[PDB]
Each structure stands twice: as C-alpha cells, then as structure tokens.
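Undergrad: Handing over structure_29.cif, mmCIF, N, CA and C atoms.
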data_run
loop_
_atom_site.group_PDB
_atom_site.id
_atom_site.type_symbol
_atom_site.label_atom_id
_atom_site.label_comp_id
_atom_site.auth_asym_id
_atom_site.auth_seq_id
_atom_site.Cartn_x
_atom_site.Cartn_y
_atom_site.Cartn_z
ATOM 1 N N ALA A 1 94.884 132.343 103.641
ATOM 2 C CA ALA A 1 96.322 132.304 103.753
ATOM 3 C C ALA A 1 96.600 131.001 104.484
ATOM 4 N N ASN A 2 97.652 130.302 104.063
ATOM 5 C CA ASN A 2 98.141 129.084 104.706
ATOM 6 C C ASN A 2 97.175 127.932 104.971
ATOM 7 N N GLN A 3 96.118 127.802 104.164
ATOM 8 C CA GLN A 3 95.270 126.619 104.255
ATOM 9 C C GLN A 3 96.044 125.628 103.368
ATOM 10 N N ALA A 4 96.402 124.427 103.845
ATOM 11 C CA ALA A 4 97.107 123.481 103.019
ATOM 12 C C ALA A 4 96.103 122.495 102.428
ATOM 13 N N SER A 5 96.224 122.200 101.144
ATOM 14 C CA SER A 5 95.346 121.258 100.477
ATOM 15 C C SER A 5 96.081 119.979 100.158
ATOM 16 N N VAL A 6 95.245 118.983 99.843
ATOM 17 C CA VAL A 6 95.702 117.687 99.364
ATOM 18 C C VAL A 6 96.172 117.845 97.904
ATOM 19 N N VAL A 7 97.421 117.420 97.609
ATOM 20 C CA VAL A 7 98.009 117.473 96.268
ATOM 21 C C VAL A 7 98.427 116.051 95.898
ATOM 22 N N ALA A 8 98.186 115.701 94.635
ATOM 23 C CA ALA A 8 98.566 114.404 94.111
ATOM 24 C C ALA A 8 100.088 114.216 94.142
ATOM 25 N N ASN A 9 100.563 113.224 94.895
ATOM 26 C CA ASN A 9 101.992 112.933 95.034
ATOM 27 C C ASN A 9 102.539 112.123 93.884
ATOM 28 N N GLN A 10 101.623 111.493 93.182
ATOM 29 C CA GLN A 10 101.917 110.760 91.976
ATOM 30 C C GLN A 10 100.609 110.824 91.168
ATOM 31 N N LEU A 11 100.538 110.251 89.951
ATOM 32 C CA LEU A 11 99.318 110.224 89.149
ATOM 33 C C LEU A 11 98.463 109.204 89.850
ATOM 34 N N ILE A 12 97.260 109.640 90.164
ATOM 35 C CA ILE A 12 96.267 108.808 90.810
ATOM 36 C C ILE A 12 95.366 108.358 89.657
ATOM 37 N N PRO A 13 95.387 107.085 89.291
ATOM 38 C CA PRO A 13 94.670 106.558 88.128
ATOM 39 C C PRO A 13 93.167 106.629 88.338
ATOM 40 N N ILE A 14 92.363 106.650 87.274
ATOM 41 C CA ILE A 14 90.902 106.667 87.378
ATOM 42 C C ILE A 14 90.408 105.471 88.176
ATOM 43 N N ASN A 15 89.376 105.734 88.992
ATOM 44 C CA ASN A 15 88.723 104.678 89.761
ATOM 45 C C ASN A 15 89.645 103.923 90.735
ATOM 46 N N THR A 16 90.791 104.509 91.065
ATOM 47 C CA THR A 16 91.725 103.846 91.946
ATOM 48 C C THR A 16 91.436 104.412 93.332
ATOM 49 N N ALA A 17 91.538 103.514 94.304
ATOM 50 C CA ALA A 17 91.436 103.774 95.732
ATOM 51 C C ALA A 17 92.689 104.511 96.208
ATOM 52 N N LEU A 18 92.442 105.560 96.988
ATOM 53 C CA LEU A 18 93.454 106.449 97.509
ATOM 54 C C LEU A 18 94.191 105.783 98.656
ATOM 55 N N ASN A 19 95.482 106.065 98.712
ATOM 56 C CA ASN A 19 96.351 105.530 99.737
ATOM 57 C C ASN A 19 97.318 106.629 100.203
ATOM 58 N N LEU A 20 97.939 106.526 101.369
ATOM 59 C CA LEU A 20 98.824 107.561 101.850
ATOM 60 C C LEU A 20 100.106 107.855 101.059
ATOM 61 N N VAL A 21 100.546 107.066 100.082
ATOM 62 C CA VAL A 21 101.742 107.349 99.277
ATOM 63 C C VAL A 21 101.317 108.338 98.188
ATOM 64 N N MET A 22 100.040 108.282 97.823
ATOM 65 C CA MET A 22 99.427 109.128 96.823
ATOM 66 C C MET A 22 99.169 110.583 97.199
ATOM 67 N N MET A 23 99.099 110.973 98.476
ATOM 68 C CA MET A 23 98.696 112.325 98.881
ATOM 69 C C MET A 23 99.750 113.049 99.736
ATOM 70 N N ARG A 24 100.075 114.299 99.389
ATOM 71 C CA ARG A 24 100.975 115.126 100.179
ATOM 72 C C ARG A 24 100.253 116.429 100.447
ATOM 73 N N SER A 25 100.648 117.330 101.348
ATOM 74 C CA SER A 25 99.916 118.587 101.391
ATOM 75 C C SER A 25 100.770 119.769 101.033
ATOM 76 N N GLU A 26 100.161 120.813 100.493
ATOM 77 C CA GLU A 26 100.871 122.019 100.146
ATOM 78 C C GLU A 26 99.908 123.186 100.207
ATOM 79 N N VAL A 27 100.445 124.400 100.290
ATOM 80 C CA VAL A 27 99.648 125.606 100.245
ATOM 81 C C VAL A 27 99.601 125.973 98.769
ATOM 82 N N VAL A 28 98.448 125.712 98.182
ATOM 83 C CA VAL A 28 98.225 125.986 96.785
ATOM 84 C C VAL A 28 96.989 126.835 96.671
ATOM 85 N N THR A 29 96.881 127.405 95.472
ATOM 86 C CA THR A 29 95.823 128.318 95.086
ATOM 87 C C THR A 29 95.281 127.802 93.754
ATOM 88 N N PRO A 30 94.005 127.520 93.532
ATOM 89 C CA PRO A 30 92.940 127.639 94.528
ATOM 90 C C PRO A 30 92.986 126.644 95.696
ATOM 91 N N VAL A 31 92.218 126.852 96.765
ATOM 92 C CA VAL A 31 92.264 125.905 97.871
ATOM 93 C C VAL A 31 91.393 124.717 97.464
ATOM 94 N N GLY A 32 91.879 123.487 97.728
ATOM 95 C CA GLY A 32 91.186 122.248 97.442
ATOM 96 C C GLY A 32 90.746 121.543 98.718
ATOM 97 N N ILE A 33 90.627 120.213 98.776
ATOM 98 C CA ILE A 33 90.260 119.481 99.994
ATOM 99 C C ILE A 33 91.338 119.752 101.055
ATOM 100 N N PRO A 34 90.971 120.094 102.298
ATOM 101 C CA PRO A 34 91.934 120.372 103.361
ATOM 102 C C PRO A 34 92.875 119.237 103.672
ATOM 103 N N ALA A 35 94.125 119.540 103.984
ATOM 104 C CA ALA A 35 95.103 118.530 104.299
ATOM 105 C C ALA A 35 94.692 117.592 105.418
ATOM 106 N N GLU A 36 93.934 118.115 106.388
ATOM 107 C CA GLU A 36 93.490 117.285 107.511
ATOM 108 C C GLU A 36 92.509 116.198 107.142
ATOM 109 N N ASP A 37 91.959 116.214 105.932
ATOM 110 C CA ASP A 37 91.069 115.164 105.540
ATOM 111 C C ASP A 37 91.803 114.041 104.876
ATOM 112 N N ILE A 38 93.151 114.038 104.779
ATOM 113 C CA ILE A 38 93.862 112.891 104.215
ATOM 114 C C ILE A 38 93.514 111.578 104.951
ATOM 115 N N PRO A 39 93.505 111.388 106.280
ATOM 116 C CA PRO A 39 92.945 110.187 106.912
ATOM 117 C C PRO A 39 91.604 109.713 106.375
ATOM 118 N N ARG A 40 90.634 110.583 106.096
ATOM 119 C CA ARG A 40 89.302 110.172 105.701
ATOM 120 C C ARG A 40 89.226 109.841 104.237
ATOM 121 N N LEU A 41 90.086 110.441 103.424
ATOM 122 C CA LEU A 41 90.157 110.149 102.015
ATOM 123 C C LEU A 41 90.738 108.781 101.749
ATOM 124 N N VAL A 42 91.466 108.144 102.675
ATOM 125 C CA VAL A 42 92.040 106.824 102.453
ATOM 126 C C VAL A 42 90.973 105.798 102.088
ATOM 127 N N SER A 43 91.184 104.999 101.030
ATOM 128 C CA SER A 43 90.254 104.063 100.424
ATOM 129 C C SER A 43 89.157 104.652 99.574
ATOM 130 N N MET A 44 89.009 105.977 99.439
ATOM 131 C CA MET A 44 87.986 106.500 98.555
ATOM 132 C C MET A 44 88.580 106.559 97.168
ATOM 133 N N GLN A 45 87.710 106.530 96.182
ATOM 134 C CA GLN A 45 88.134 106.476 94.797
ATOM 135 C C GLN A 45 87.973 107.810 94.138
ATOM 136 N N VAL A 46 88.856 108.060 93.191
ATOM 137 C CA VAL A 46 88.715 109.234 92.362
ATOM 138 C C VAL A 46 87.850 108.870 91.180
ATOM 139 N N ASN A 47 87.212 109.837 90.547
ATOM 140 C CA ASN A 47 86.378 109.539 89.401
ATOM 141 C C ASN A 47 87.034 109.944 88.092
ATOM 142 N N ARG A 48 88.225 110.524 88.191
ATOM 143 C CA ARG A 48 88.997 110.927 87.036
ATOM 144 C C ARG A 48 90.457 110.681 87.385
ATOM 145 N N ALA A 49 91.326 110.477 86.391
ATOM 146 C CA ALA A 49 92.757 110.329 86.651
ATOM 147 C C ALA A 49 93.277 111.676 87.152
ATOM 148 N N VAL A 50 94.036 111.731 88.238
ATOM 149 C CA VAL A 50 94.472 112.982 88.802
ATOM 150 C C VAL A 50 95.969 113.040 88.586
ATOM 151 N N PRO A 51 96.433 113.850 87.636
ATOM 152 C CA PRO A 51 97.849 114.061 87.344
ATOM 153 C C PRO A 51 98.705 114.574 88.493
ATOM 154 N N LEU A 52 99.991 114.159 88.546
ATOM 155 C CA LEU A 52 100.954 114.556 89.577
ATOM 156 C C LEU A 52 100.970 116.058 89.866
ATOM 157 N N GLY A 53 100.881 116.436 91.139
ATOM 158 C CA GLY A 53 100.855 117.828 91.547
ATOM 159 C C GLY A 53 99.485 118.499 91.421
ATOM 160 N N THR A 54 98.406 117.834 90.972
ATOM 161 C CA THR A 54 97.075 118.443 90.893
ATOM 162 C C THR A 54 96.501 118.612 92.304
ATOM 163 N N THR A 55 95.800 119.684 92.655
ATOM 164 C CA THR A 55 95.175 119.755 93.958
ATOM 165 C C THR A 55 93.930 118.902 93.847
ATOM 166 N N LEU A 56 93.654 118.118 94.872
ATOM 167 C CA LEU A 56 92.462 117.305 94.879
ATOM 168 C C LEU A 56 91.308 118.150 95.333
ATOM 169 N N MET A 57 90.288 118.134 94.492
ATOM 170 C CA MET A 57 89.088 118.925 94.704
ATOM 171 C C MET A 57 87.925 118.023 95.105
ATOM 172 N N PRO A 58 86.899 118.506 95.834
ATOM 173 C CA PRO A 58 85.792 117.707 96.342
ATOM 174 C C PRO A 58 85.045 116.897 95.300
ATOM 175 N N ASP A 59 84.823 117.525 94.149
ATOM 176 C CA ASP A 59 84.174 116.890 93.022
ATOM 177 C C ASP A 59 84.915 115.723 92.389
ATOM 178 N N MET A 60 86.196 115.496 92.723
ATOM 179 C CA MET A 60 86.986 114.402 92.157
ATOM 180 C C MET A 60 86.921 113.084 92.929
ATOM 181 N N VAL A 61 86.507 113.104 94.199
ATOM 182 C CA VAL A 61 86.509 111.926 95.051
ATOM 183 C C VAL A 61 85.086 111.423 95.251
ATOM 184 N N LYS A 62 84.873 110.192 94.830
ATOM 185 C CA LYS A 62 83.578 109.571 94.913
ATOM 186 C C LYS A 62 83.208 109.313 96.364
ATOM 187 N N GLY A 63 82.094 109.890 96.810
ATOM 188 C CA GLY A 63 81.587 109.693 98.151
ATOM 189 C C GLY A 63 82.094 110.755 99.110
ATOM 190 N N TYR A 64 82.746 111.790 98.572
ATOM 191 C CA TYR A 64 83.296 112.817 99.434
ATOM 192 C C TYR A 64 82.227 113.840 99.748
ATOM 193 N N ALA A 65 82.149 114.101 101.018
ATOM 194 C CA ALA A 65 81.302 115.153 101.514
ATOM 195 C C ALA A 65 82.085 115.533 102.768
ATOM 196 N N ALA A 66 82.320 116.832 102.901
ATOM 197 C CA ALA A 66 83.046 117.343 104.031
ATOM 198 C C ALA A 66 82.027 118.055 104.898
#
Is it possible to express this structure as structure tokens?

TA:
Amino acid sequence: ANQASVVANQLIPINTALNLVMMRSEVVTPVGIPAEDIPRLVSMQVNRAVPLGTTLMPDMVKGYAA
C-alpha cells in the first residue's frame, strides 16, 4: 500500500539519459522502481523507449541495481 514508483512524465526515448523532467512519482500497481531512487536514476539510460505514464521497472534502466 502507498509505495510510490517512478512513472514516465513524458516518452523517454531509447538509449536516452534520464533527467528530472522525465520522472514523476505515483502510487501504481504493479510496484516499479521506488520514487526515492529518482536522484540515482539521473543520467542512467533506458534500454527501451518508455511511453508516457509507464512505470519504470528495474529491467528497463541500464546499470540499475537497487
């Protein structure tokens, strides 16, 4: 209950480096990467294009290990 995840604030293009305009948090189901990891996700790249409103999942960010 109430775990907030990272949600795509806009379409995050393939292989693009993440920035703070790109990520917002929301309570979504299923639970994805925790909202508190938005600082650490900055500059990491996605390996697939992430459509607007998609929850960001661990398998989508290159070099992500929590």

Undergrad: Which of these residues is nearest to residue 63 of chain A, using only N, CA and C atoms: A:11, A:51, A:29, A:46?

TA: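 For residue 63 of chain A, the nearest of the given residues is A:46.
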
Undergrad: Give me every alpha helix (DSSP H) residue in chain A, going by DSSP on the backbone, as an NGL selection string.

TA: :A and (38-41)

Undergrad: Just write the chosen residues, N, CA and C atoms, as a CSV table (one decimal), keeping the file's coordinate frame.

TA:
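Contents of the output file again-v3.csv:
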chain,number,residue,atom,x,y,z
A,38,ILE,N,93.2,114.0,104.8
A,38,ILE,CA,93.9,112.9,104.2
A,38,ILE,C,93.5,111.6,105.0
A,39,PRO,N,93.5,111.4,106.3
A,39,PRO,CA,92.9,110.2,106.9
A,39,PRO,C,91.6,109.7,106.4
A,40,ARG,N,90.6,110.6,106.1
A,40,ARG,CA,89.3,110.2,105.7
A,40,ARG,C,89.2,109.8,104.2
A,41,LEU,N,90.1,110.4,103.4
A,41,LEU,CA,90.2,110.1,102.0
A,41,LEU,C,90.7,108.8,101.7

Undergrad: Would you pick out the contacts of segment 54-61 of chain A at 7 Å or less, using all atoms listed in the file, so that residues sharing its chain but fewer than 6 positions from it are not included, and give the list as a list in words?

TA: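 Those residues are residues 5, 6, 7, 8, 9, 31, 32, 33, 44, 45, 46, 47 and 48 of chain A.
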
Undergrad: So, counting all atoms listed in the file, which residue among A:12, A:65, A:4, A:17 is closest to residue 34 of chain A?

TA: A:4

Undergrad: So what do you get for atom CA of residue 40 of chain A versus atom N of residue 1 of chain A, distance-wise?

TA: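 Taking atom CA of residue 40 of chain A and atom N of residue 1 of chain A, their separation equals 23.0 Å.
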
Undergrad: With only C-alpha atoms as the atoms that count, which of A:3, A:42, A:10, A:52 lies nearest to residue 64 of chain A?

TA: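 Of A:3, A:42, A:10, A:52, the one nearest residue 64 of chain A is A:42, counting only C-alpha atoms.
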
Undergrad: Which value, in Å to one decimal, gives the distance between atom N of residue 13 of chain A and atom C of residue 66 of chain A?

TA: 23.3 Å

Undergrad: To one decimal place, how far is atom CA of residue 28 of chain A from atom CA of residue 41 of chain A in Å?

TA: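 Computing it gives 18.5 Å between the two atoms.
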
Undergrad: Would you list, as a PDB file with N, CA and C atoms, in the frame of the given file, the residues of chain A that end up in strand (DSSP E or B) under DSSP run on this structure's backbone?

TA:
ATOM      1  N   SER A   5      96.224 122.200 101.144  1.00  0.00           N
ATOM      2  CA  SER A   5      95.346 121.258 100.477  1.00  0.00           C
ATOM      3  C   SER A   5      96.081 119.979 100.158  1.00  0.00           C
ATOM      4  N   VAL A   6      95.245 118.983  99.843  1.00  0.00           N
ATOM      5  CA  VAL A   6      95.702 117.687  99.364  1.00  0.00           C
ATOM      6  C   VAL A   6      96.172 117.845  97.904  1.00  0.00           C
ATOM      7  N   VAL A   7      97.421 117.420  97.609  1.00  0.00           N
ATOM      8  CA  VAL A   7      98.009 117.473  96.268  1.00  0.00           C
ATOM      9  C   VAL A   7      98.427 116.051  95.898  1.00  0.00           C
ATOM     10  N   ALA A   8      98.186 115.701  94.635  1.00  0.00           N
ATOM     11  CA  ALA A   8      98.566 114.404  94.111  1.00  0.00           C
ATOM     12  C   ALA A   8     100.088 114.216  94.142  1.00  0.00           C
ATOM     13  N   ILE A  12      97.260 109.640  90.164  1.00  0.00           N
ATOM     14  CA  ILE A  12      96.267 108.808  90.810  1.00  0.00           C
ATOM     15  C   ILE A  12      95.366 108.358  89.657  1.00  0.00           C
ATOM     16  N   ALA A  17      91.538 103.514  94.304  1.00  0.00           N
ATOM     17  CA  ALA A  17      91.436 103.774  95.732  1.00  0.00           C
ATOM     18  C   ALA A  17      92.689 104.511  96.208  1.00  0.00           C
ATOM     19  N   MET A  23      99.099 110.973  98.476  1.00  0.00           N
ATOM     20  CA  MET A  23      98.696 112.325  98.881  1.00  0.00           C
ATOM     21  C   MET A  23      99.750 113.049  99.736  1.00  0.00           C
ATOM     22  N   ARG A  24     100.075 114.299  99.389  1.00  0.00           N
ATOM     23  CA  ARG A  24     100.975 115.126 100.179  1.00  0.00           C
ATOM     24  C   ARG A  24     100.253 116.429 100.447  1.00  0.00           C
ATOM     25  N   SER A  25     100.648 117.330 101.348  1.00  0.00           N
ATOM     26  CA  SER A  25      99.916 118.587 101.391  1.00  0.00           C
ATOM     27  C   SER A  25     100.770 119.769 101.033  1.00  0.00           C
ATOM     28  N   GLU A  26     100.161 120.813 100.493  1.00  0.00           N
ATOM     29  CA  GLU A  26     100.871 122.019 100.146  1.00  0.00           C
ATOM     30  C   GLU A  26      99.908 123.186 100.207  1.00  0.00           C
ATOM     31  N   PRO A  34      90.971 120.094 102.298  1.00  0.00           N
ATOM     32  CA  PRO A  34      91.934 120.372 103.361  1.00  0.00           C
ATOM     33  C   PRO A  34      92.875 119.237 103.672  1.00  0.00           C
ATOM     34  N   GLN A  45      87.710 106.530  96.182  1.00  0.00           N
ATOM     35  CA  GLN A  45      88.134 106.476  94.797  1.00  0.00           C
ATOM     36  C   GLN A  45      87.973 107.810  94.138  1.00  0.00           C
ATOM     37  N   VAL A  46      88.856 108.060  93.191  1.00  0.00           N
ATOM     38  CA  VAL A  46      88.715 109.234  92.362  1.00  0.00           C
ATOM     39  C   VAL A  46      87.850 108.870  91.180  1.00  0.00           C
ATOM     40  N   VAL A  50      94.036 111.731  88.238  1.00  0.00           N
ATOM     41  CA  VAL A  50      94.472 112.982  88.802  1.00  0.00           C
ATOM     42  C   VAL A  50      95.969 113.040  88.586  1.00  0.00           C
ATOM     43  N   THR A  55      95.800 119.684  92.655  1.00  0.00           N
ATOM     44  CA  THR A  55      95.175 119.755  93.958  1.00  0.00           C
ATOM     45  C   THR A  55      93.930 118.902  93.847  1.00  0.00           C
ATOM     46  N   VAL A  61      86.507 113.104  94.199  1.00  0.00           N
ATOM     47  CA  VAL A  61      86.509 111.926  95.051  1.00  0.00           C
ATOM     48  C   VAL A  61      85.086 111.423  95.251  1.00  0.00           C
ATOM     49  N   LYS A  62      84.873 110.192  94.830  1.00  0.00           N
ATOM     50  CA  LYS A  62      83.578 109.571  94.913  1.00  0.00           C
ATOM     51  C   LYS A  62      83.208 109.313  96.364  1.00  0.00           C
TER      52      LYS A  62
END
